[PDB]
$ cat structure.pdb   # PDB, N, CA, C and O atoms
MODEL        1
ATOM      1  N   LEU A  42      39.713-184.484 -17.855  1.00  0.00           N
ATOM      2  CA  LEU A  42      38.387-184.453 -18.424  1.00  0.00           C
ATOM      3  C   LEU A  42      38.384-184.014 -19.888  1.00  0.00           C
ATOM      4  O   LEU A  42      39.149-183.104 -20.224  1.00  0.00           O
ATOM      5  N   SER A  43      37.556-184.622 -20.751  1.00  0.00           N
ATOM      6  CA  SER A  43      37.363-184.065 -22.061  1.00  0.00           C
ATOM      7  C   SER A  43      36.666-182.714 -21.961  1.00  0.00           C
ATOM      8  O   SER A  43      36.059-182.389 -20.904  1.00  0.00           O
ATOM      9  N   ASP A  44      36.727-181.912 -23.026  1.00  0.00           N
ATOM     10  CA  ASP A  44      35.964-180.664 -23.035  1.00  0.00           C
ATOM     11  C   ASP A  44      34.468-180.894 -22.791  1.00  0.00           C
ATOM     12  O   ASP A  44      33.860-180.118 -22.050  1.00  0.00           O
ATOM     13  N   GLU A  45      33.862-181.910 -23.374  1.00  0.00           N
ATOM     14  CA  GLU A  45      32.465-182.162 -23.131  1.00  0.00           C
ATOM     15  C   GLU A  45      32.203-182.594 -21.690  1.00  0.00           C
ATOM     16  O   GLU A  45      31.209-182.166 -21.092  1.00  0.00           O
ATOM     17  N   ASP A  46      33.069-183.432 -21.106  1.00  0.00           N
ATOM     18  CA  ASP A  46      32.910-183.803 -19.703  1.00  0.00           C
ATOM     19  C   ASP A  46      33.069-182.595 -18.774  1.00  0.00           C
ATOM     20  O   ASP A  46      32.342-182.487 -17.802  1.00  0.00           O
ATOM     21  N   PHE A  47      34.005-181.722 -19.079  1.00  0.00           N
ATOM     22  CA  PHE A  47      34.228-180.485 -18.325  1.00  0.00           C
ATOM     23  C   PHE A  47      32.943-179.639 -18.349  1.00  0.00           C
ATOM     24  O   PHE A  47      32.488-179.194 -17.290  1.00  0.00           O
ATOM     25  N   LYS A  48      32.381-179.426 -19.533  1.00  0.00           N
ATOM     26  CA  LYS A  48      31.141-178.689 -19.667  1.00  0.00           C
ATOM     27  C   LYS A  48      30.007-179.364 -18.899  1.00  0.00           C
ATOM     28  O   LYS A  48      29.192-178.679 -18.299  1.00  0.00           O
ATOM     29  N   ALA A  49      29.928-180.687 -18.904  1.00  0.00           N
ATOM     30  CA  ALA A  49      28.926-181.389 -18.133  1.00  0.00           C
ATOM     31  C   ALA A  49      29.027-181.176 -16.622  1.00  0.00           C
ATOM     32  O   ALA A  49      28.040-180.966 -15.901  1.00  0.00           O
ATOM     33  N   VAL A  50      30.246-181.218 -16.108  1.00  0.00           N
ATOM     34  CA  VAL A  50      30.490-181.100 -14.669  1.00  0.00           C
ATOM     35  C   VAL A  50      30.230-179.656 -14.208  1.00  0.00           C
ATOM     36  O   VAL A  50      29.516-179.444 -13.230  1.00  0.00           O
ATOM     37  N   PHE A  51      30.825-178.691 -14.921  1.00  0.00           N
ATOM     38  CA  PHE A  51      30.868-177.302 -14.441  1.00  0.00           C
ATOM     39  C   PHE A  51      29.830-176.427 -15.136  1.00  0.00           C
ATOM     40  O   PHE A  51      29.625-175.287 -14.687  1.00  0.00           O
ATOM     41  N   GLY A  52      29.176-176.883 -16.197  1.00  0.00           N
ATOM     42  CA  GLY A  52      28.193-176.033 -16.817  1.00  0.00           C
ATOM     43  C   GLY A  52      28.756-174.930 -17.643  1.00  0.00           C
ATOM     44  O   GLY A  52      28.042-173.960 -17.890  1.00  0.00           O
ATOM     45  N   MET A  53      29.990-175.018 -18.075  1.00  0.00           N
ATOM     46  CA  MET A  53      30.678-173.950 -18.763  1.00  0.00           C
ATOM     47  C   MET A  53      31.909-174.527 -19.431  1.00  0.00           C
ATOM     48  O   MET A  53      32.371-175.604 -19.037  1.00  0.00           O
ATOM     49  N   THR A  54      32.447-173.847 -20.428  1.00  0.00           N
ATOM     50  CA  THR A  54      33.698-174.302 -21.027  1.00  0.00           C
ATOM     51  C   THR A  54      34.906-174.061 -20.135  1.00  0.00           C
ATOM     52  O   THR A  54      34.847-173.268 -19.181  1.00  0.00           O
ATOM     53  N   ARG A  55      36.014-174.745 -20.465  1.00  0.00           N
ATOM     54  CA  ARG A  55      37.274-174.521 -19.752  1.00  0.00           C
ATOM     55  C   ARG A  55      37.682-173.050 -19.812  1.00  0.00           C
ATOM     56  O   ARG A  55      38.196-172.493 -18.841  1.00  0.00           O
ATOM     57  N   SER A  56      37.463-172.405 -20.974  1.00  0.00           N
ATOM     58  CA  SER A  56      37.912-171.015 -21.111  1.00  0.00           C
ATOM     59  C   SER A  56      37.020-170.110 -20.289  1.00  0.00           C
ATOM     60  O   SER A  56      37.496-169.122 -19.698  1.00  0.00           O
ATOM     61  N   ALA A  57      35.698-170.384 -20.200  1.00  0.00           N
ATOM     62  CA  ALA A  57      34.863-169.614 -19.312  1.00  0.00           C
ATOM     63  C   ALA A  57      35.278-169.759 -17.850  1.00  0.00           C
ATOM     64  O   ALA A  57      35.335-168.800 -17.089  1.00  0.00           O
ATOM     65  N   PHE A  58      35.573-170.999 -17.471  1.00  0.00           N
ATOM     66  CA  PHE A  58      36.029-171.271 -16.115  1.00  0.00           C
ATOM     67  C   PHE A  58      37.290-170.453 -15.780  1.00  0.00           C
ATOM     68  O   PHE A  58      37.431-169.909 -14.674  1.00  0.00           O
ATOM     69  N   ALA A  59      38.206-170.357 -16.745  1.00  0.00           N
ATOM     70  CA  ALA A  59      39.471-169.650 -16.519  1.00  0.00           C
ATOM     71  C   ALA A  59      39.268-168.142 -16.369  1.00  0.00           C
ATOM     72  O   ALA A  59      40.145-167.443 -15.838  1.00  0.00           O
ATOM     73  N   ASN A  60      38.126-167.599 -16.825  1.00  0.00           N
ATOM     74  CA  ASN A  60      37.779-166.218 -16.619  1.00  0.00           C
ATOM     75  C   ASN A  60      37.214-165.943 -15.250  1.00  0.00           C
ATOM     76  O   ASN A  60      37.153-164.776 -14.849  1.00  0.00           O
ATOM     77  N   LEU A  61      36.795-166.962 -14.522  1.00  0.00           N
ATOM     78  CA  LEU A  61      36.316-166.749 -13.177  1.00  0.00           C
ATOM     79  C   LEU A  61      37.438-166.357 -12.235  1.00  0.00           C
ATOM     80  O   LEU A  61      38.573-166.755 -12.441  1.00  0.00           O
ATOM     81  N   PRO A  62      37.136-165.602 -11.196  1.00  0.00           N
ATOM     82  CA  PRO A  62      38.167-165.344 -10.192  1.00  0.00           C
ATOM     83  C   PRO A  62      38.600-166.686  -9.594  1.00  0.00           C
ATOM     84  O   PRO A  62      37.802-167.638  -9.485  1.00  0.00           O
ATOM     85  N   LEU A  63      39.884-166.754  -9.199  1.00  0.00           N
ATOM     86  CA  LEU A  63      40.448-167.943  -8.599  1.00  0.00           C
ATOM     87  C   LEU A  63      39.562-168.431  -7.439  1.00  0.00           C
ATOM     88  O   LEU A  63      39.359-169.634  -7.312  1.00  0.00           O
ATOM     89  N   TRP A  64      39.029-167.537  -6.600  1.00  0.00           N
ATOM     90  CA  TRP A  64      38.267-167.977  -5.427  1.00  0.00           C
ATOM     91  C   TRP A  64      37.064-168.811  -5.895  1.00  0.00           C
ATOM     92  O   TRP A  64      36.665-169.791  -5.254  1.00  0.00           O
ATOM     93  N   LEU A  65      36.460-168.443  -7.019  1.00  0.00           N
ATOM     94  CA  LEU A  65      35.287-169.172  -7.512  1.00  0.00           C
ATOM     95  C   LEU A  65      35.719-170.465  -8.230  1.00  0.00           C
ATOM     96  O   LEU A  65      35.023-171.491  -8.110  1.00  0.00           O
ATOM     97  N   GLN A  66      36.836-170.435  -8.961  1.00  0.00           N
ATOM     98  CA  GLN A  66      37.373-171.654  -9.545  1.00  0.00           C
ATOM     99  C   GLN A  66      37.565-172.723  -8.460  1.00  0.00           C
ATOM    100  O   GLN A  66      37.174-173.894  -8.584  1.00  0.00           O
ATOM    101  N   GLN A  67      38.198-172.319  -7.343  1.00  0.00           N
ATOM    102  CA  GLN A  67      38.459-173.257  -6.249  1.00  0.00           C
ATOM    103  C   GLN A  67      37.152-173.640  -5.546  1.00  0.00           C
ATOM    104  O   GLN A  67      37.033-174.837  -5.174  1.00  0.00           O
ATOM    105  N   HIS A  68      36.239-172.736  -5.360  1.00  0.00           N
ATOM    106  CA  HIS A  68      34.907-173.036  -4.812  1.00  0.00           C
ATOM    107  C   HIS A  68      34.277-174.186  -5.644  1.00  0.00           C
ATOM    108  O   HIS A  68      33.761-175.169  -5.091  1.00  0.00           O
ATOM    109  N   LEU A  69      34.308-174.068  -6.978  1.00  0.00           N
ATOM    110  CA  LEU A  69      33.640-175.033  -7.838  1.00  0.00           C
ATOM    111  C   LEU A  69      34.332-176.363  -7.838  1.00  0.00           C
ATOM    112  O   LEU A  69      33.672-177.419  -7.830  1.00  0.00           O
ATOM    113  N   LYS A  70      35.677-176.371  -7.849  1.00  0.00           N
ATOM    114  CA  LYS A  70      36.375-177.643  -7.758  1.00  0.00           C
ATOM    115  C   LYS A  70      36.015-178.387  -6.471  1.00  0.00           C
ATOM    116  O   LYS A  70      35.724-179.587  -6.522  1.00  0.00           O
ATOM    117  N   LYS A  71      36.023-177.685  -5.336  1.00  0.00           N
ATOM    118  CA  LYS A  71      35.667-178.389  -4.099  1.00  0.00           C
ATOM    119  C   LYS A  71      34.260-178.902  -4.166  1.00  0.00           C
ATOM    120  O   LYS A  71      33.983-180.046  -3.774  1.00  0.00           O
ATOM    121  N   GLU A  72      33.350-178.065  -4.661  1.00  0.00           N
ATOM    122  CA  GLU A  72      31.917-178.343  -4.718  1.00  0.00           C
ATOM    123  C   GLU A  72      31.658-179.619  -5.496  1.00  0.00           C
ATOM    124  O   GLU A  72      30.808-180.449  -5.065  1.00  0.00           O
ATOM    125  N   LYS A  73      32.353-179.807  -6.621  1.00  0.00           N
ATOM    126  CA  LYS A  73      32.112-180.930  -7.484  1.00  0.00           C
ATOM    127  C   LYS A  73      32.982-182.117  -7.089  1.00  0.00           C
ATOM    128  O   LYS A  73      32.860-183.173  -7.689  1.00  0.00           O
ATOM    129  N   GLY A  74      33.871-181.998  -6.101  1.00  0.00           N
ATOM    130  CA  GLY A  74      34.692-183.124  -5.706  1.00  0.00           C
ATOM    131  C   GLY A  74      35.827-183.452  -6.643  1.00  0.00           C
ATOM    132  O   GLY A  74      36.235-184.624  -6.738  1.00  0.00           O
ATOM    133  N   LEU A  75      36.376-182.477  -7.347  1.00  0.00           N
ATOM    134  CA  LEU A  75      37.429-182.713  -8.318  1.00  0.00           C
ATOM    135  C   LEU A  75      38.647-181.867  -7.944  1.00  0.00           C
ATOM    136  O   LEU A  75      38.590-180.969  -7.090  1.00  0.00           O
ATOM    137  N   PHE A  76      39.706-182.211  -8.621  1.00  0.00           N
ATOM    138  CA  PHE A  76      41.020-181.627  -8.460  1.00  0.00           C
ATOM    139  C   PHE A  76      41.418-181.748  -7.015  1.00  0.00           C
ATOM    140  O   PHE A  76      41.015-182.692  -6.307  1.00  0.00           O
TER     141      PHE A  76
ENDMDL
END
$ encode --input "structure.pdb" --output "structure tokens"
Amino acid sequence: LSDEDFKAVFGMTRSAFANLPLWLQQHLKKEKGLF
């Protein structure tokens, strides 16, 4: 994903996402159907 596409999907930047706990990172990936 481009940075703008990432922000569109997850509502946050890649670096913000990386600050989330792993459990929430994985929650969001499943939720959005990615990775």
$ residues_around --input "structure.pdb" --residues "stretch 47-59 of chain A" --least-positions-apart "2" --cutoff "10 Å" --atoms "only C-alpha atoms" --output "ChimeraX atom specification"
/A:42-45,61-63,65-66,69-70,72-73,75
$ write_last_selection --input "structure.pdb" --atoms "N, CA, C and O atoms" --output "mmCIF file, in the frame of the given file"
data_model
loop_
_atom_site.group_PDB
_atom_site.id
_atom_site.type_symbol
_atom_site.label_atom_id
_atom_site.label_comp_id
_atom_site.auth_asym_id
_atom_site.auth_seq_id
_atom_site.Cartn_x
_atom_site.Cartn_y
_atom_site.Cartn_z
ATOM 1 N N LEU A 42 39.713 -184.484 -17.855
ATOM 2 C CA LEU A 42 38.387 -184.453 -18.424
ATOM 3 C C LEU A 42 38.384 -184.014 -19.888
ATOM 4 O O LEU A 42 39.149 -183.104 -20.224
ATOM 5 N N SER A 43 37.556 -184.622 -20.751
ATOM 6 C CA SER A 43 37.363 -184.065 -22.061
ATOM 7 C C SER A 43 36.666 -182.714 -21.961
ATOM 8 O O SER A 43 36.059 -182.389 -20.904
ATOM 9 N N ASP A 44 36.727 -181.912 -23.026
ATOM 10 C CA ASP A 44 35.964 -180.664 -23.035
ATOM 11 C C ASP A 44 34.468 -180.894 -22.791
ATOM 12 O O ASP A 44 33.860 -180.118 -22.050
ATOM 13 N N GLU A 45 33.862 -181.910 -23.374
ATOM 14 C CA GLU A 45 32.465 -182.162 -23.131
ATOM 15 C C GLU A 45 32.203 -182.594 -21.690
ATOM 16 O O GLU A 45 31.209 -182.166 -21.092
ATOM 17 N N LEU A 61 36.795 -166.962 -14.522
ATOM 18 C CA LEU A 61 36.316 -166.749 -13.177
ATOM 19 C C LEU A 61 37.438 -166.357 -12.235
ATOM 20 O O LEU A 61 38.573 -166.755 -12.441
ATOM 21 N N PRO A 62 37.136 -165.602 -11.196
ATOM 22 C CA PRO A 62 38.167 -165.344 -10.192
ATOM 23 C C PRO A 62 38.600 -166.686 -9.594
ATOM 24 O O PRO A 62 37.802 -167.638 -9.485
ATOM 25 N N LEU A 63 39.884 -166.754 -9.199
ATOM 26 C CA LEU A 63 40.448 -167.943 -8.599
ATOM 27 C C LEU A 63 39.562 -168.431 -7.439
ATOM 28 O O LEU A 63 39.359 -169.634 -7.312
ATOM 29 N N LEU A 65 36.460 -168.443 -7.019
ATOM 30 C CA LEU A 65 35.287 -169.172 -7.512
ATOM 31 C C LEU A 65 35.719 -170.465 -8.230
ATOM 32 O O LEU A 65 35.023 -171.491 -8.110
ATOM 33 N N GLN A 66 36.836 -170.435 -8.961
ATOM 34 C CA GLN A 66 37.373 -171.654 -9.545
ATOM 35 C C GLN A 66 37.565 -172.723 -8.460
ATOM 36 O O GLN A 66 37.174 -173.894 -8.584
ATOM 37 N N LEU A 69 34.308 -174.068 -6.978
ATOM 38 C CA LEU A 69 33.640 -175.033 -7.838
ATOM 39 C C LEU A 69 34.332 -176.363 -7.838
ATOM 40 O O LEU A 69 33.672 -177.419 -7.830
ATOM 41 N N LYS A 70 35.677 -176.371 -7.849
ATOM 42 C CA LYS A 70 36.375 -177.643 -7.758
ATOM 43 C C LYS A 70 36.015 -178.387 -6.471
ATOM 44 O O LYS A 70 35.724 -179.587 -6.522
ATOM 45 N N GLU A 72 33.350 -178.065 -4.661
ATOM 46 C CA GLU A 72 31.917 -178.343 -4.718
ATOM 47 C C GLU A 72 31.658 -179.619 -5.496
ATOM 48 O O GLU A 72 30.808 -180.449 -5.065
ATOM 49 N N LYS A 73 32.353 -179.807 -6.621
ATOM 50 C CA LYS A 73 32.112 -180.930 -7.484
ATOM 51 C C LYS A 73 32.982 -182.117 -7.089
ATOM 52 O O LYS A 73 32.860 -183.173 -7.689
ATOM 53 N N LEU A 75 36.376 -182.477 -7.347
ATOM 54 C CA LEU A 75 37.429 -182.713 -8.318
ATOM 55 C C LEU A 75 38.647 -181.867 -7.944
ATOM 56 O O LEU A 75 38.590 -180.969 -7.090
#
$ atom_distance --input "structure.pdb" --atom1 "atom CA of residue A:64" --atom2 "atom N of residue A:46"
22.6 Å
$ select_by_dssp --input "structure.pdb" --residues "chain A" --states "alpha helix (DSSP H)" --output "VMD selection string"
chain A and resid 44 to 51 55 to 60 63 to 73
$ atom_distance --input "structure.pdb" --atom1 "atom CA of residue A:76" --atom2 "atom N of residue A:60"
16.6 Å
$ decode --input "structure.pdb" --residues "chain A" --atoms "N, CA and C atoms" --output "short mmCIF file (atom, residue, chain, number, x, y, z; two decimals), in the first residue's frame"
data_model
loop_
_atom_site.label_atom_id
_atom_site.label_comp_id
_atom_site.auth_asym_id
_atom_site.auth_seq_id
_atom_site.Cartn_x
_atom_site.Cartn_y
_atom_site.Cartn_z
N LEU A 42 0.80 -1.20 0.00
CA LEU A 42 0.00 0.00 0.00
C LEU A 42 0.85 1.27 0.00
N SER A 43 0.45 2.32 -0.74
CA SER A 43 1.10 3.59 -0.57
C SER A 43 0.79 4.15 0.82
N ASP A 44 1.57 5.13 1.27
CA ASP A 44 1.25 5.79 2.54
C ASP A 44 -0.17 6.37 2.54
N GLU A 45 -0.62 6.99 1.46
CA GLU A 45 -1.96 7.52 1.43
C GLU A 45 -3.01 6.42 1.46
N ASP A 46 -2.79 5.31 0.74
CA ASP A 46 -3.72 4.19 0.80
C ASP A 46 -3.78 3.57 2.20
N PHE A 47 -2.64 3.46 2.85
CA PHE A 47 -2.54 2.95 4.23
C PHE A 47 -3.39 3.84 5.16
N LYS A 48 -3.20 5.15 5.08
CA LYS A 48 -3.98 6.08 5.86
C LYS A 48 -5.47 5.96 5.55
N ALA A 49 -5.85 5.77 4.30
CA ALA A 49 -7.24 5.56 3.95
C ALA A 49 -7.87 4.32 4.58
N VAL A 50 -7.14 3.22 4.56
CA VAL A 50 -7.64 1.94 5.06
C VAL A 50 -7.74 1.98 6.59
N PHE A 51 -6.66 2.40 7.25
CA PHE A 51 -6.53 2.25 8.71
C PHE A 51 -6.83 3.55 9.45
N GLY A 52 -6.94 4.69 8.77
CA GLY A 52 -7.23 5.89 9.51
C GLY A 52 -6.08 6.46 10.26
N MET A 53 -4.86 6.11 9.93
CA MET A 53 -3.69 6.49 10.69
C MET A 53 -2.47 6.24 9.82
N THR A 54 -1.36 6.88 10.13
CA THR A 54 -0.13 6.59 9.40
C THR A 54 0.48 5.24 9.76
N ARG A 55 1.40 4.77 8.91
CA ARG A 55 2.13 3.53 9.20
C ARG A 55 2.85 3.63 10.54
N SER A 56 3.42 4.82 10.85
CA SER A 56 4.19 4.94 12.09
C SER A 56 3.25 4.93 13.27
N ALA A 57 2.05 5.54 13.17
CA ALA A 57 1.09 5.42 14.24
C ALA A 57 0.65 3.98 14.48
N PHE A 58 0.41 3.28 13.38
CA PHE A 58 0.03 1.87 13.46
C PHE A 58 1.10 1.05 14.21
N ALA A 59 2.37 1.35 13.93
CA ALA A 59 3.47 0.60 14.54
C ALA A 59 3.59 0.87 16.04
N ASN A 60 3.01 1.97 16.55
CA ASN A 60 2.94 2.25 17.96
C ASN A 60 1.85 1.50 18.66
N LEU A 61 0.89 0.95 17.94
CA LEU A 61 -0.14 0.16 18.58
C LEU A 61 0.40 -1.15 19.11
N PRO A 62 -0.20 -1.69 20.16
CA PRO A 62 0.21 -3.02 20.59
C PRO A 62 -0.06 -4.00 19.43
N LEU A 63 0.78 -5.04 19.35
CA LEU A 63 0.66 -6.06 18.34
C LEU A 63 -0.78 -6.60 18.29
N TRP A 64 -1.43 -6.82 19.44
CA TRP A 64 -2.76 -7.44 19.43
C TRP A 64 -3.72 -6.55 18.62
N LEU A 65 -3.56 -5.23 18.71
CA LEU A 65 -4.45 -4.32 17.99
C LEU A 65 -4.04 -4.21 16.51
N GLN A 66 -2.74 -4.23 16.22
CA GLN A 66 -2.29 -4.28 14.84
C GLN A 66 -2.94 -5.47 14.11
N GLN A 67 -2.89 -6.65 14.75
CA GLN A 67 -3.45 -7.86 14.14
C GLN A 67 -4.98 -7.77 14.11
N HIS A 68 -5.62 -7.25 15.11
CA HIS A 68 -7.07 -7.02 15.12
C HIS A 68 -7.44 -6.21 13.85
N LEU A 69 -6.71 -5.12 13.58
CA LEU A 69 -7.06 -4.23 12.48
C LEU A 69 -6.80 -4.86 11.14
N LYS A 70 -5.68 -5.59 10.99
CA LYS A 70 -5.46 -6.29 9.74
C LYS A 70 -6.59 -7.27 9.43
N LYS A 71 -6.99 -8.07 10.43
CA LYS A 71 -8.08 -9.01 10.14
C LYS A 71 -9.34 -8.27 9.78
N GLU A 72 -9.64 -7.21 10.52
CA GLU A 72 -10.86 -6.42 10.39
C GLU A 72 -10.98 -5.88 8.97
N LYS A 73 -9.88 -5.39 8.40
CA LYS A 73 -9.91 -4.76 7.11
C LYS A 73 -9.68 -5.79 6.01
N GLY A 74 -9.41 -7.06 6.31
CA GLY A 74 -9.21 -8.04 5.27
C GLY A 74 -7.87 -7.97 4.58
N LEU A 75 -6.82 -7.52 5.25
CA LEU A 75 -5.52 -7.36 4.64
C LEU A 75 -4.50 -8.18 5.43
N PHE A 76 -3.36 -8.28 4.80
CA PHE A 76 -2.21 -9.03 5.28
C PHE A 76 -2.65 -10.44 5.53
#
